[PDB]
């Protein structure tokens, strides 16, 4: 068992999960000294992202975040291999410190961060098998900041009060996932990293979009207050907050950008 605070917190993950203390760890801070423009970084193509409204997708509180299961028919085109979706989830802070993104830019956190996880379907049958193997995963990261109300993100957030406790699930009708992506997706940061949660396998090709999306103060507060990492029948509930990993050392390396 692992957590984001306490005895089983991130500084202790390496005890049970060796890779968490290994190489190519994520997340990292994106700042000028280690950024480099690469004109070869072309735009990714998002296929099958417009999920059928006649299909239902499982939303689950897994005790670490709120996740939405995604179908393998939606995928990313533009990488060396085809990567098919498996799930999306988020990371956030808390009402008193609403800056819980995992990746930071010039030392600055964003309010939250969305991760759309994909696995190499050309080499592996599923995300489980691909997770601990070479070039097994590709994650898209969307930085989130407080601003205007976001109807698209609310297609997920409107169900939060129904997955308040660990293990609980709800069904979300399909909608266009591309609606969760920011403007100018052609502009992004790219680097080889790891899962930001145990086992921390260094098998993730990260793509962090340059521009953030906005959600309202109310939407952000709901995300920061509606969930608990404990079961509903728990006499001592524990709020699911600050579920992001601290940035990791990033030395002798460069993060390449598709923008100058």
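Residue numbers count along the first chain shown, from 1. Between two forms, the rigid core is the largest collection of C-alphas that superpose within 1.5 Å.
- Taking 22 to 30 and 229 to 237 in turn, the stretch whose Cα atoms are more displaced from the shown form in 8 other deposited structures of this protein following rigid core superposition is 229 to 237.
- The stretch 80 to 88 shows the higher mean C-alpha B-factor when 149 to 157 is compared against 80 to 88 in the entry.
- Of the two segments, 32 to 40 and 47 to 55, the one listed with the higher mean B-factor is 32 to 40 (C-alpha atoms only).
- Across 75, 103, 99, 115, the entry's maximum B-factor at the CA atom is seen for 75.
- Note on 131, 185, 176, 108: the highest value goes to 131, judged by CA B factor as recorded.
- Split the chain's modelled residues into thirds by C-alpha temperature factor. Residue 95 is in the highest one.
- Annotation for residue 247: CA B-factor lies in the lowest third of the chain's modelled residues.
- Per the PDB record, residue ranking by Cα B-factor puts residue 202 in the middle third of the chain.
- In this PDB entry, the Cα temperature factor of residue 236 sits in the top third of its chain's modelled residues, the highest group.
- Sort the chain's modelled residues by C-alpha temperature factor and residue 123 lands in the highest third, per the entry.
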